[PDB]
Structures are given as C-alpha cells and as structure tokens.
**Q** 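Sharing a structure, written as structure tokens. Questions coming.
Chain A is the first sequence line, chain B the second, and so forth, proteins listed ahead of strands; every chain is numbered from 1. Hydrogens, waters and symmetry mates are skipped; everything else that's a heavy atom, side chains included, is used.
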Amino acid sequence: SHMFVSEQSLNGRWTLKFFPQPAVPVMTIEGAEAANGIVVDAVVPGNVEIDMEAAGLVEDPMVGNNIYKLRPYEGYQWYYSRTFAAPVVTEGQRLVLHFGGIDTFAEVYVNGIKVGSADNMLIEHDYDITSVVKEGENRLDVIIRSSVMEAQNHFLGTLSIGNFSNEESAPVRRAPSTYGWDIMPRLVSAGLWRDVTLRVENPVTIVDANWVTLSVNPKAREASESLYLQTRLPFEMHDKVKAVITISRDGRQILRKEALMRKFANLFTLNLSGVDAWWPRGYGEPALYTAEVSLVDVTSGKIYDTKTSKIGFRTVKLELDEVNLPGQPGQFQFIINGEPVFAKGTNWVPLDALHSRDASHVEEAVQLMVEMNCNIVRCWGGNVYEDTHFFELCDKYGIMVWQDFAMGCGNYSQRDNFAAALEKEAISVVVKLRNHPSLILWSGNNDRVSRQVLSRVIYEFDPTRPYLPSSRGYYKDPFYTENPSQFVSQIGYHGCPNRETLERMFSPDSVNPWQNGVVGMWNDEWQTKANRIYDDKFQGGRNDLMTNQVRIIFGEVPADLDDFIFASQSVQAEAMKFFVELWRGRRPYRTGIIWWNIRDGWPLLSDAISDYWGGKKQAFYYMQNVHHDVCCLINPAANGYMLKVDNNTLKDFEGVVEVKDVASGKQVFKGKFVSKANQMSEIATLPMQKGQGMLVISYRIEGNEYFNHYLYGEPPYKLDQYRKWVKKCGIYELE
Amino acid sequence: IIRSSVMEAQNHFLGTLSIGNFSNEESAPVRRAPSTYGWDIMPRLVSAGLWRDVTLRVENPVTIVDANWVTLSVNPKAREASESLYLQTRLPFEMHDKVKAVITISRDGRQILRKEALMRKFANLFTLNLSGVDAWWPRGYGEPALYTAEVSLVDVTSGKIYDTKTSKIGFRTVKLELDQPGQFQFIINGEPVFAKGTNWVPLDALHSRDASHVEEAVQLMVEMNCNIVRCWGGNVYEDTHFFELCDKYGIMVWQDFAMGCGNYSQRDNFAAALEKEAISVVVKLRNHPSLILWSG
Amino acid sequence: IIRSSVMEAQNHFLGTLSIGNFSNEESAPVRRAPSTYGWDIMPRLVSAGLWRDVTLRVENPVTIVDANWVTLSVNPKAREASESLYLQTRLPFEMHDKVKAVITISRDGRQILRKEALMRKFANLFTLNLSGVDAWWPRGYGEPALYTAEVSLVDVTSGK
C-alpha cells in the first residue's frame, strides 16, 4: 500500500551544444562550454539530427540525397545539459541515475563531478549518485565524442578489414547497420536515445528476479517454476524481512508463497496447479501469468521493493539433427513444450535509422507479424537490441524470438579488451531478457567471440535456452530448390515500393526511375535509395536486381512506372510465397523458414515486403495466405504438381478443397481432405496443364473460406496476361 | 581490521548455477571454507579472526625462495632412487659465484648424501642419484621411510650460512592408472595398492583449534589402519603438521581444492582468486610423500 | 637508463618445467634472445645497450599506419595474380572524402598497375587483379620475381 520507492523521469527538454571534435577530444565540462559551437533545444529520448531538424539546421534525411548532407556531423561532439530537482532521500536509501541508452562514447557529470564513462550504445548504464547529489537544483551534463574517430584508437586485425560491415564498426559496441548497409542508410547519429530516469532504492532491494520454467505439463495444467532471487540485504535486516511471491492472472491469485529472508540470494521452487502452458502462434494460446515478488518487513509490513512481470510456463529445446548433413547449417528443429514446432516468420531489422523513434514504431510493427501470423522472429545482429516492450508484445502474441548478439558480417578481435567489452554487454542483455517466454534462442554468428565469450555467458546466466555459435535470379533455380537445409533463412527478393512511397521520398523530378527515359538506368536519387552507403556516382548495382528479376519472369521491363511497380511486386510476391510453400510442403524433413523481411527501417528500395511508412507491397498479402495455421498449397512435382495441406497446430481439421483453372474455369481437382495435426499431408497429384496459366485453390475449414493459387508453366510470362489471372482469381487486388 | 564475510557476498552478482546449491550462496564468491556457513555435518559458525600463527621473519639478501623435492624414480630392491631438487633463491649478483648450496640427505644421524654446488644462477635443478635409501610405502605395503632433506646457502669464503631449508621427504612414485566414476587405481612404486580410508572433515568449527586436535585425530586413522585419507573440499586445507603426520604414519592424502557442492563463477575475477590460492597451496604441500592426488 | 637483465629474473617465481632446461632460468621470465645467456654454439654474453637504430620521425595527421600485402591467388602460367592491400591509416575527419589512396605496382621504373580510390574511411581492403606479372619462386623452382608496391595518401585538391 505505502510506496517507499519511486522513479522520476528526466526525459523532456535538454540543452544540446554541438561542435566539430578537435584533435584532442573534449572530455570536461569546462572544455565543452569553452568550445565554439551551436546551442539548440533537444528532446530526450532523441537523436541529435531530430533536434537539428526541428531547429531548421538540417534538411529531411528521408528525402532524395539529403542523407549524404549529414556526413560532417559524424566528426562532431554533442553536449547534453539540463537541471533537475533531487528527490527526498531518507537515511540509507540510494539514488540511481538510469540511462536506457547512451550513443555512445560519453562522459557523465552530476554537479560537475564525473559519475561514469559510457562506451556501449546497446546496453543500459546505471550510476549511484547518492553522494554527489546536492540539495535543491542539480546539474546533469553528458559530453559525447565522435564514434567514427574512436575506431582509429585501435589497430585492426586482417579479418576485420574488407567485410560488408564497416571497419569503423569493428572495435566499438554499436549497431553495425548505423554505419550503412544495403538495407539501411549510413547515419551514425548520437544522443540519449532511450529513457533517462532517477531511481530511489531502499537498503533492502531486489537486485534480480529470475524466473525459470523447470517443467510444464500442459494436459494436467501444471508447471514447476523456479525463482532465482538476488537482493541487497543489510545484515541487521537478515531474518527480519520476508519474500512474498505471488502468481496470479487477472487479479485471481493462483499461488502465494512467503519465506523468511535468511540470506541475500535464494532459490524458491513453485509447484503450480491450474496453469496453462505458453505456446507460440498456431500451437496454442500464449498463456501469461503475473509473477510478483516483494521484500516485506515481517513486523511493520513495510514494502521495501517489488518486482512484477508477466511470465509464461514453457520449455524450449533446440533438437539438433546430427545424422543428416553434418556441417550443414539449419539441421535442427525447435521443440516447444515437448512438441516439434514448424517455425515460420521474418527477420527483424532496425525500426528506424534514428533509433530514438524505435519505441514509437514497435506496436504497429509487431502487428505486422500478427496479421501475417508469424510464430517466430529473428532479431538481426545488425540492429540494436530491442527494449523490454518489444519482448512483452512477443510474449503477449505468441511470437518466438531468436536473438542475435550484435555482430555484423565479419570476424572480430581475439584480444582481451574486446572480449571484456563483449562479455559485459552479453551479461547485461541476457540478464535483462532471460525472463521473457517468447525468447527461445541466443545466436552469436576458432573465434574466441562466438565459441568462448558468448558461450560462457549463456552457460552461466541462461542455462534454460539454447545457444548457436553461428547462424540473384529465378526463384525456381536449383540454388533455392536444391537447398537441403531443414531450417532455412530465406534470402529475399526485391520489390519496388508503392507509388505513394516513391512520391514521398523522391524529389518530383526523380520519382520516375529512368534517367532521361532510358529503361534500366536509375537516376541518382534512386541509386541513393539502393541503399548506397557513400555518395559515389555510378550506374547499376543493387538496383539492377529489380530489373533483372522482372526480366526473367516477364521478359521485358515495363517503361510505365505503374506497370513497373506491378511487375516488380509480382516477382517478389511469387518468389517469397513459393519459398514458404516449398518448405511447408516438404515437412517433416523441413523444420522452419525465416524469410527476409517484413518491414523497412527507412524509406528505401529493398527486398522488404512493407516499407518504412507502412506501405504494404503485394508480397505481404501473398505471404499472408501461405502463413495460415492450416494451408492448402501446391508444390511442383517431377511430372505435374502435388496438392498438399500443411498443419502448424496440435489439432486435427477436415474440409473440402477445389482446384480450378483461372483462365478456363475447368476443375482440376475437388475432394475432401484430412489435415492431421502438426504435419504435412499430401492430398492428390495433379497432372501437368497445357502451357502457362494459373490454378486457384479454394478450401473450406470449419465454415471459413480460404483462398490460394499456383502459377504453372515456365517463364517468361506476359505481364498483362498475369494481371488478368490475378483479377480473374479474385484474391489479390492489383494495386 | 576484519570485515563481515557474509556481507562481502553482496559485492557480487551471482550466476544462476551458484544459486540453490547445498553450499550457501554467501560462499560462492568468497575464498573461505564452505562448511563454515553450515552443513548437514557442521554447524553454521561463520566466525572470524587470526586463526593461525602470526610471526616476524628476518631474511638475508641471499635466501631460499623455494626448495621443491621431486622423486623421479625409485628402485626398492636395489635401495636406490633418483631425487630432483628444484631450488629457487634470491641471490644478489655480487654474491653469484660466491655462494654454494649444501644438500644433505640423512636418516637418524646417518648421512645419506652430501653434495656441494657453486651457485652460478638464482634457480637450479640438482639431480641426486641416491644409494642405500628405502622407498616410502603406505600402511600395509611397507615402511613409510622418511629422510631429512636439507639445503643450505653458504658463503664460499667466510662459511656464513645465509639460509637453511629442512624437511622430511619420502622416495615414492604415484601413478593413477585409469581403466563411470571410480574406474582407476593408485600405483605406488609400481605396485597396485588397494586403498582403504576415511574422508577428512573439519576438526573444529572454530578452526584455530584444528592444530590441537590433529595429533589425536590422526591417531584415529592409525588405530583404524587407514592407508588413505580424502581431505574434503568443504573444509580448510590442513596445515603442514597434518601432512607431516601422514608422512610419518604412511597415510596417503587425496586433497580436494576447497570447493563446495555447486558450480562456481566463470568470470576472470574468480579465476584470478582461485589461481592465486591454488599456486599457494600446491607450492606449500607438493613436497609431502603422503600427498598423492589433487582433485577439483 | 638500463637495468640488469639477470637480476630482473628474480622478480618472478618459476614453475617446475622452467627449471633445469638447456636454456637458462634467467631466460624464462624475460623477453630476450635465450642464446645470450649461453648455449653449446654461442658464448654467454648477456650484454646491454641500444643495439639498433634510433631515429626521430615526423608524421602528418594523414599517415599510413600499416600497409598489409596479401597474395590471394597466383597463376604463373598466365602471368596473373590477385593481390590484396589491407590499408590502415590515421585520417582526421576533416580529411575524410578529401584524401585519395594511390596504389602503384611497378618494376624497374615501368608501371604495371595503378589504382586510385577516395579515402572514405580509415581502413580499407583493395583488391588488385594484375596481368603481366611473374610469380615468386624459391631457388631452383623459378625466379624470385619481386615488384615494387607503393601506396600514397594524396590530397585530392592540392596534390600534396
């Protein structure tokens, strides 16, 4: 009832002073104030380019070639400053200054006294400022250095040079994609990109509450849950404090346990009844339960601290296939609550190049995966680690999370200084995320980094989850169809974004892609949205993937912009849909497919199926119809085709299915089928049809009508005849 | 000025494996005897204090840092053995070529060997091929023959003795012949011995009284006729006198490093504290013939 | 001011496997040539002093930290080769996009290959596909063909 702890936000308006970084970087408050620079208003959480654009000092980086105009600020320093009132601290309490995100190399001062030196963009930074804080008004100053210039303080190994990830990224703990990628612009940025708060703690406080599902019995509605509790506990308070442990759901108390605190750290085991297991989408309900622990004085009832979260009773195992194709990647399958689950989902890339806006995108971005019905998502190591709320949403909606540690495409230093920086980061992120039921896998894609540093962290701080040391042309080419990986990471096909997105990110004279009307030659602004990392004038490159892919499927590249959008999105839609159906149709050998990708992190031309502004490409709806719990699909056979139905649930379903020709209306097949639980079931073999065309699949399950299709024949097709088949099928609108 | 051991534990963040074991979470990040926090066979009595000797030592510029005696080979029927002396010293350079090591093996006044060697460097290996020496055996398999091994540093001209190290060694070889836990056998001087003995637990919850119990407690093993004793990792390491008695009565010693009943930290901080401890205890005890096994 | 190398060895407690070897115990904990303490083919002469050149060097803010040449592949029959240059430089941020790297492979004054690239970052990997070059062979197996490889950091505006 009575609250003896509190958290006061330091978010809001700050003062931001920026200037070019001298040869000797500015480290002190006196140097930052004596330096000659520009002072503007800043918003925390934020990025400095946001503050600068609000002051009219930079142009919108999302339009045209404006991204290259931010180049000089990579060599700048950034000085945050504000005042704050210190909260009332009683005798023994501790005041903690909390940073959710400092980007990156910065000296932190409170009342002119240094309290910390941050050097990791991806993790939290907490400082005990109890003794340095004064009565009344206090000063908080953060002086950030240039991340790019920090790289030259290090001598690189041979393996760290020439990778797709930037050499500037190798010796520093930052998201590698911020230096530029083929799917993200170069925007190093800086600033306080997550919350800054002031926490008041009691001498008796919870240091960590670690919930672990030892076992789960779904049929009996039981589970065994362990609580690893670490606290600060003055010895005078030993035997005078009790832990109050509650499992509840919507106010209704499931279990209550109280235990006297005779030592600072304890293991409490809870044997629960009447509790449902946590399942990913399709395989059941994502049952969640409020788990709460409080440190309570046994005499006065004083609540010294309380930790509350929603946990899910679930076990996860990575069943390795060590018989078939030893050494091949993807020879494994996820086992959730003892059931082998078929994984299907997207790779997760940055939500925004200015990551202070990540949090405002996460609700609608997770809703993309919910509408798609992904049961898994892989957080790519090129991005930052997402915050707690992303994993809360994945807990709530039953989306399993595969978490890469933040590494780019390359090899890294084997020396002690880098190993210590990565270990501190790994321990921080693991302790923070290890209680979310949606998280199922750590990945660190011999190397000391992947085979020793990260493995020792998972071994000591998360024994409950598996760890993995390591991770164009025609879509029916043998490079795709002959891949024997059970669990594949699909490469992705390009898709020209919607017209409204093109007209929003390109200048009016650059909306049309063809330079001087020459089909195949991209203008300079389209080359920038390749993404082109550096401002280098050249022709061709990554954008030629759009034309070469429509030239294989449709023979010729349309000159009209609207017809080019249809051709490009159609190739992307057919390719990605074909890859999902190919893996779902070849179960039980195939065990999962994680495709690239569902959402852009910036207005760009990419292989994502939905752009930065929420513009869904045609591939999104194609993929949606092949991601259902029960899906009737058609795989190519040696002679003819094979109508199949795949089931990613633990329940049996029945229904009827009808396969017809879209152009002639003739019935190729129509029969009743039994879709057995958690397996692929072949229905019937279909003969080869004459020439090109399309087949329409119409199946009915439990009074619900679902629709699919299959494009038969060999390319090249005629773009206008394919358009007629889409309209005559009645499933997907043209545009 | 001693601090609270229990409270020191809260200066550390424990890994999952260190929580919930039978050994106390307070024991996991500190280098103390785990049984002092309580056990099923020992009371909780954390205690504190200067529980062993406090002395002032005066050393000369020339001094012996370590005298490490190693038995390379033994031939009991021929009454021979090859003994190595690994000698480390502090030696000013002006004292190089001016000091000699005097190595003497003796048994009850009878001198077995007297070798003198000019000190030309600070560390040296002296091989001693001995005659008329009996091998060291555990109880039942023969005599626990011990010899006084003495090394002294002596000025060549003035004859002044700068330092002297003296202990009783035994000429013995130990091999662990492997063949499921416990699939091994101790080979002592080439013979396969059948081991029979007890585990060794704290002599007292107040460990400053261990030294007053060790004579009678070892006599329990002599009356019992144990030929082996396993010093439990829940206890402190026994002092030199315990191993002196085990040398004398022919009781082999299997020594656990001081670990509780659970997994420990994997971070560099704990590894550095444990390495320092292990180097200290190994150098202190590696010269006793009774000691035959280290266990982690 | 140089100290005694011999006396430095007594700052270290030696392990058992470091005592009794052919090399001196004084050699085990120090980073010196072990033969200086004596061997069966070299006398004992510890010595001391500044035994190699001492120089004062002046470096520009734009300077080459390391030029690492690596032969990926070679085809001696076709007189072709693939050479990589792992270049690490010191580069103030003001000089980013204003300096170019100039790479020249030559032999006895005749130029074989030349490549220019704008320095956009401090470290770079350059790939050179070379024609008309001979492979390096040990004695007997061919000629020890060498080529002068030069890299320079050049101001794109003034040519300095």
**Q** For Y37(B), is it the side chain, the backbone, both, or neither that has a heavy atom closer than 4.5 Å to a heavy atom of chain A?
**A**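 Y37(B) has no heavy atom closer than 4.5 Å to chain A.
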**Q** Side chain, backbone, both or neither: which part of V212(A) has an atom under 4.5 Å from a heavy atom of chain B?
**A** neither
**Q** Do you know the tightest heavy-atom contact between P463(A) and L17(B)?
**A**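 Result for this residue pair: CG-CD2, 3.9 Å.
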**Q** Considering residues, nucleotides and ligands other than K302(A), do more than 12 of their heavy atoms fall under 6.0 Å from its NZ?
**A**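 Buried by this count: over 12 neighbours within 6.0 Å.
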**Q** Is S265(B) close to chain A through its backbone or its side chain, or both, or neither, when contacts mean heavy atoms under 4.5 Å?
**A** both
**Q** For the residue pair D462(A) and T16(B), establish whether any side-chain heavy-atom pair is separated by less than 4.5 Å.
**A**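 With C-beta onward as the side chain, the pair stays apart.
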**Q** Answer yes or no: are there more than 12 heavy-atom neighbours, outside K284(B) itself, under 6.0 Å from its atom NZ?
**A** yes
**Q** For residues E25(B) and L267(A), report the shortest heavy-atom separation together with the two atoms involved.
**A** OE2-N, 4.3 Å
**Q** When only pairs under 4.5 Å are counted, which of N24(B), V6(B), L14(B) shares the most heavy-atom pairs with chain A?
**A** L14(B)
**Q** Which atoms of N263(B) are under 4.5 Å from chain A, going by heavy atoms: the side chain, the backbone, both sets, or neither?
**A** side chain
**Q** Based on non-hydrogen pairs under 4.5 Å, which of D208(A), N210(A), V207(A), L233(A) is most in contact with chain B?
**A** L233(A)
**Q** Find the distance between CE (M7(B)) and CZ (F235(A)) and round it off to the nearest 0.5 Å.
**A** 8.5 Å
**Q** Between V431(A) and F13(B), is there a side-chain heavy-atom distance shorter than 4.5 Å?
**A**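 Yes. Closest side-chain heavy atoms under 4.5 Å.
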**Q** Below 4.5 Å from any heavy atom of chain B, which atoms of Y459(A) appear? Answer side chain, backbone, both or neither.
**A**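 When you check distances to chain B, atoms from both the backbone and side chain of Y459(A) fall under 4.5 Å.
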**Q** Looking at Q183(B), I want to see if its CD is surrounded by more than 12 non-hydrogen atoms of other residues, nucleotides or ligands under 6.0 Å.
**A** yes
**Q** Of all heavy-atom pairs between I19(B) and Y228(A), which one has the smallest distance, and what is that distance?
**A** O-CE2, 3.5 Å
**Q** Is it the case that atom CZ in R262(A) sees more than 12 heavy atoms from other parts of the structure closer than 6.0 Å?
**A**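 Counting neighbours around CZ of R262(A), 12 or fewer heavy atoms of other residues, nucleotides or ligands fall under 6.0 Å, so no.
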**Q** Need one label for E460(A): side chain, backbone, both or neither, based on atoms under 4.5 Å from any heavy atom in chain B.
**A**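 Contact with chain B involves both backbone and side-chain atoms of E460(A).
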**Q** Can you tell me if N11(B) has over 12 outside heavy atoms packed within less than 6.0 Å of its CG?
**A**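 Result for CG/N11(B): enclosed.
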**Q** Could you tell me which non-hydrogen atom of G15(B) sits nearest to which non-hydrogen atom of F461(A), and how far apart they are?
**A** CA-CE2, 3.8 Å
**Q** Quick test of your reading of the model: are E423(A) and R267(B) salt-bridged, counting only N-O distances below 4.0 Å?
**A** no
**Q** Name the region of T464(A), side chain, backbone, both or neither, that has any atom closer than 4.5 Å to a heavy atom of chain B.
**A** neither
**Q** Among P234(A), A265(A), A420(A), which has the most heavy-atom pairs under 4.5 Å with chain B?
**A**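 Result: the option with the highest number of such pairs is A265(A).
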**Q** Does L50(B) CG have over 12 foreign heavy atoms under 6.0 Å away?
**A**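 For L50(B), atom CG is not crowded (no more than 12 foreign heavy atoms under 6.0 Å).
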**Q** Roughly how far, to the nearest 0.5 Å, is CG of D268(B) from CZ of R456(A)?
**A** 8.0 Å
**Q** Search all heavy atoms of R232(A) against all heavy atoms of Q10(B) and return the closest pair with its distance.
**A** CA-OE1, 3.4 Å
**Q** Salt bridge check, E26(B) against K263(A): does any charged N sit closer than 4.0 Å to a carboxylate O?
**A**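 Result for this pair is no, no salt bridge flagged.
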